[PDB]
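Asks: The data below comprise the sequence and an experimental structure of the protein.
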Amino acid sequence: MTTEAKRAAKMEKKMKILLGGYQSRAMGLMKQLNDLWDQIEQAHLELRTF
Amino acid sequence: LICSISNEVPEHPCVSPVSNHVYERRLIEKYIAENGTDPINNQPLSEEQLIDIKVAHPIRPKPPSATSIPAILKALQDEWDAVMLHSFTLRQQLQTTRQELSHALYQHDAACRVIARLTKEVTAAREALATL
Amino acid sequence: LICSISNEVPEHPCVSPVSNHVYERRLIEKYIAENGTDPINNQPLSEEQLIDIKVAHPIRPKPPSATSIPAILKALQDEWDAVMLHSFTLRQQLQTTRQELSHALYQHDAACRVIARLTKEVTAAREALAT
Amino acid sequence: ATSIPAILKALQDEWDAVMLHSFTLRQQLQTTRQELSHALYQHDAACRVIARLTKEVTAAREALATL
Amino acid sequence: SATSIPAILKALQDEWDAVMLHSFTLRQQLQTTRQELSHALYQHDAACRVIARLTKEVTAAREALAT
Amino acid sequence: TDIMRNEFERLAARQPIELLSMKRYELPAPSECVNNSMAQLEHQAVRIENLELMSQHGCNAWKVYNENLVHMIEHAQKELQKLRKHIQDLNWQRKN
C-alpha cells in the first residue's frame, strides 16, 4: 500500500498533468460530436419535410 | 482517420461493402474506374456499392470515453483477465517451491537419521575406549 | 464513426450489404436473432451477410485512477445506471411522439373543413357580384 | 451459479436488449416527428388559405351591397 | 434469479471484494512457504558441517582403539 | 422485449433510486482485517502496475484517441452541409 500507492500517486499525477489536459481536449471533442449528431437529425427531418 | 490507398487524411471518406475499410472517395472512385474491384481484397465493387460515412440516424451519440457504460464494462474485463494471469505467476512458482521443499525435507529426514547414529557411534567409541 | 442503434462509438464496427450503415457487432447480431432483418430498411439480412470493417482497436485509454476497485464498484455502477435511466427516458420519448402526431392530425382535419366550407362561400359571393 | 465470469456475460446479454429497445423507440420517435412537422407546416399553410378566402368573401359583400 | 437489480450491484461489489482477498491470501502464503523453505536449507547445510566434526571424533576413536 | 434486465431497470428509473455499490474500500479502520489488508496490498499492486502501464500506455494514447474524435466530428458537419444544400434548393424551387 505504501510502496505501490506512492508509485500510483506518482504515476497518476505524472499522467494527470499530461492527460487532464488531453482529457479536457477529448471531452470537448466528444461534446462537439454529440451536438453535431443533434443538428444532423433536425436537417434530415427538415430534408424529408421539404 | 487515414486512407489505406494513399496514406493521407481523406477529406471525403467512403466505406466499401466488400472489404471493410475507409477509402477517400476521389481516390477509390479512380480505382473503380480503372477496374471494378476493391483495392485490398480484389473482390468486385462498383461505385454504388461504396457508401459515404454518415451520422447514424436519430439517436444522438457521445464520444468514446471512460464514463460510457460499455467502455467501462470492457475495462473490468482487462482488470480481471490481467489479475487471472497474476494468479498463475503464484500458482506456478508455488509448485516449484513446494517441490523443492518436498525434496529438501526428505533429504533432511534421510540425513538426520545418520546424525543420530554418528552421535551414537562417536560417543560409543568414547564410552568403549575410555573404559579400557 | 458511430453505431446506428445505441449511439455508440463502436469497438468492432460491421457494415450490412443491403443498407450501407455501420453498426456495432454485438447490437446488430442481437437484432438478427430477434428478427432476421435490417433494423433501418427492414430488408432481409442474416449474420453471414454482414461485413466486418477494420477498426484497429479503437482508442480507449484507461484512466489514471484505474484499479480493480473503481472498475468493479464505481465505473460498472455508472454504466448500468446510464443504460437504465436512458432507455427508460427513451421509452418516455416514444409515446410522447406518438400522442403528438395523433393530436396534430386531429387539429389539422378541423382546418380542412373550414377551408372547404369557405371555398364554397367565397367564390359564390364573388359570383353574386358578377351576377 | 454464484461465480463471476458469467455475471459479466449476463450483464452484456441484458444490455444487448437495452440497445435493441432504444433503437425501435427512437425510430418511432423521429418517424412520428415527421408527421408532426409536416402537419404543423401544412396546417399554418392551410390556415393562410382562410385568411385569403375571408378577405375576398368580405369584398364580395360590400361590392354587391353597395351595388 | 428474479433477484432485485440494486442488490446485484452489491453482489458484484462483494465478489470483487472477495476475489481481491482470495488473491492476496494466496500470495502471502507463497512468500512464507518460500521463507520457511529457506530456513530448512540453512539447517540442511549446517547439519552436514556438524557431521564432519562427528566423523573426526569417530576417526580419532578408531585410532585410539587400535593402539 | 428484454429479460429480467428490463424489470429492474424500469423499477430503478420509476422509483428514482440507484442500487448501492461497495462503500467499504475507502474508509476501513486500523486495529478479518488480515484479509482486508491483503486485499488492499493486491489492489494497490494492480493499480500501480496498471497505473504505470496507463501513464506510458496513456501517454502513448493520450492524444491518439483525441485525433480519432476529430475525424468523427468533421464527418457529421459534412452531412449538415449536404442536408443544408438539398433543402435550400427545394425551398428555392417552391418559391419560383
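Replies: Alright, I've got the coordinates. Residues are numbered from 1 along each chain as shown, chains lettered A, B, ... in the order given.
Asks: now the residue nearest the centre of chain F, nearest residue through space, not along the chain?
Replies: Geometric centre of chain F, nearest residue: residue F:65, 13.7 Å, by Cα atoms, centre = their mean. With Cβ to Cβ, 6 or more residues apart in numbering or on different chains as the criterion, residue F:65 has its nearest non-adjacent residue at 2.9 Å, and that residue is residue C:59. Where C-beta positions appear, they are placed from N, C-alpha and C, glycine not excepted.
Asks: quick check, the one you found in a strand?
Replies: No: under the criterion used here (DSSP: H, G, I helix; E, B strand; the rest coil), residue C:59 is coil, not part of a strand.
Asks: That one: neighbour count?
Replies: Neighbours of residue C:59 under the rule other Cβ atoms under 10 Å in any protein chain shown: 18.
Asks: What separation is there between it and residue C:123?
Replies: Counting by Cβ to Cβ, to the nearest Å, the gap from residue C:59 to residue C:123 is 68 Å.
Asks: do residue F:88 as well
Replies: From residue F:88 to residue C:123 the distance is 36 Å (Cβ to Cβ).
Asks: Then residue A:27?
Replies: The value you get for residue A:27 to residue C:123, if Cβ to Cβ is used, is 63 Å.
Asks: what's the residue in chain A that chain D sits nearest to in contact with, if anything?
Replies: Going by Cβ to the nearest Cβ, chain D is nearest to residue A:49 of chain A, at 5.1 Å. For residue A:49, the contacting residues are D:34, D:37-38, D:41, by Cβ atoms under 8 Å, 6 or more residues apart in numbering or on different chains.
Asks: again, only using 6 Å
Replies: D:37-38 (Cβ atoms under 6 Å, 6 or more residues apart in numbering or on different chains).
Asks: Just the element for the residue nearest to the centre of chain F, please.
Replies: helix F:64-95 (DSSP states H and E).
Asks: roughly how far is that helix from the heart of the chain?
Replies: 26 Å (Cα atoms, centre = their mean, to the nearest Å).
Asks: Report all helices and strands that that helix contacts.
Replies: helix A:2-49 (3 or more Cβ pairs under 6 Å, 6 or more residues apart in numbering or on different chains; DSSP states H and E).
Asks: center of chain A, which residue is that?
Replies: The centroid of chain A falls nearest to residue A:27 when counting by Cα atoms, centre = their mean (2.4 Å).
Asks: Against chain C, how distant is that one?
Replies: Distance from residue A:27 to chain C, counting by Cβ to the nearest Cβ, to the nearest Å: 13 Å.
Asks: got the phi/psi numbers for the nearest residue to that residue once chain neighbours are set aside?
Replies: Leaving aside its sequence neighbours, residue A:27 sits nearest to residue B:65 (Cβ to Cβ, 6+ apart; 7.5 Å). Dihedral pair for residue B:65: phi -130, psi 170, per degrees, to the nearest 10.
Asks: List the contacts of whatever residue of chain B ends up closest to chain D.
Replies: Closest to chain D within chain B is residue B:58: 3.8 Å, counting by Cβ to the nearest Cβ. By Cβ under 6 Å, 6+ apart, residue B:58 lies in contact with A:41, D:26, D:30.
Asks: what's the closest non-adjacent residue to residue F:51?
Replies: residue A:11 (3.9 Å).
Asks: My guess is that neighbour contacts residue F:53. True?
Replies: No: judged on Cβ atoms under 6 Å, residue A:11 makes no contact with residue F:53 at a distance of 9.0 Å.
Asks: I figured residue F:63 hits residue A:21, correct?
Replies: No: Residue F:63 is beyond contact range of residue A:21, at 9.4 Å (criterion: Cβ under 6 Å).
Asks: Mind checking which of those two has more residues around it?
Replies: Higher neighbour count among residue F:63 and residue A:21: residue F:63, with 17 against 12, using other Cβ under 10 Å.
Asks: list the contacts for that one?
Replies: With Cβ under 6 Å, 6+ apart as the criterion, the residues that contact residue F:63 are residue A:22.
Asks: Please tell me how far it sits from chain E.
Replies: Taking Cβ to the nearest Cβ, one finds residue F:63 at 31 Å from chain E.
Asks: next one: phi and psi at that residue?
Replies: Torsion angles, degrees, to the nearest 10, at residue F:63: phi 130, psi -20.
Asks: what does residue B:54 give?
Replies: Backbone torsions of residue B:54, given as degrees, to the nearest 10, read phi -140, psi 160.
Asks: can you name the farthest residue from the center of chain A?
Replies: Farthest-from-centroid check, chain A (Cα atoms, centre = their mean): residue A:50, 35.4 Å.
Asks: I figured that residue hits residue F:88, correct?
Replies: No: applying Cβ under 6 Å as the test, residue A:50 and residue F:88 come out as separate, 9.0 Å apart.
Asks: Minimum distance to chain A, which residue of chain B gives it?
Replies: Counting by Cβ to the nearest Cβ, chain B gets nearest chain A through residue B:63, at 2.7 Å.
Asks: Give the phi and psi angles for that residue, as a check.
Replies: phi -60, psi 160.
Asks: In this structure it contacts residue F:69, no?
Replies: Yes: counting by Cβ under 6 Å, residue B:63 does reach residue F:69; the two are 5.1 Å apart.
Asks: Name the residues contacting each of the two.
Replies: Listed as contacting both residue B:63 and residue F:69 by Cβ under 6 Å, 6+ apart are residue A:29.
Asks: out of the contacts of residue B:58, who's nearest residue F:45?
Replies: residue D:26 (44.2 Å; Cβ to Cβ).
Asks: Quick check: that closest one vs residue C:6, distance?
Replies: From residue D:26 across to residue C:6, the span is 10 Å (Cβ to Cβ).
Asks: Assign a three-state SS to residue F:50, would you?
Replies: helix.
Asks: How many neighbouring residues does it have?
Replies: 25.
Asks: Also residue F:81?
Replies: When neighbours are counted by other Cβ under 10 Å, residue F:81 registers 10.
Asks: just residue F:42 next, same as before
Replies: With other Cβ under 10 Å as criterion, residue F:42 counts 26.
Asks: What of the one 5 residues further on?
Replies: Burial measure for residue F:47: 25 neighbouring residues, criterion other Cβ under 10 Å.
Asks: now residue A:20
Replies: When neighbours are counted by other Cβ under 10 Å, residue A:20 comes out with 13.
Asks: From chain C, how far out is the most far-flung residue of chain B relative to its centre?
Replies: Centroid-distance maximum for chain B: residue B:132 at 78.0 Å, with Cα atoms, centre = their mean. Separation of residue B:132 from chain C (Cβ to the nearest Cβ): 76 Å.
Asks: Would you check how far apart the closest residue to residue F:14 other than its chain neighbours and chain B are?
Replies: Counting by Cβ to Cβ, 6+ apart, residue F:14 lies nearest to residue C:88, which is 7.5 Å off, once chain neighbours are set aside. Noted for residue C:88: a distance of 14 Å to chain B, by Cβ to the nearest Cβ.
Asks: ok, now residue A:38?
Replies: Distance from residue A:38 to chain B, counting by Cβ to the nearest Cβ: 5 Å.
Asks: Leaving out sequence neighbours, find the closest residue to that residue.
Replies: Among residues not flanking residue A:38 along the chain, residue B:60 sits closest, at 5.3 Å (Cβ to Cβ, 6+ apart).
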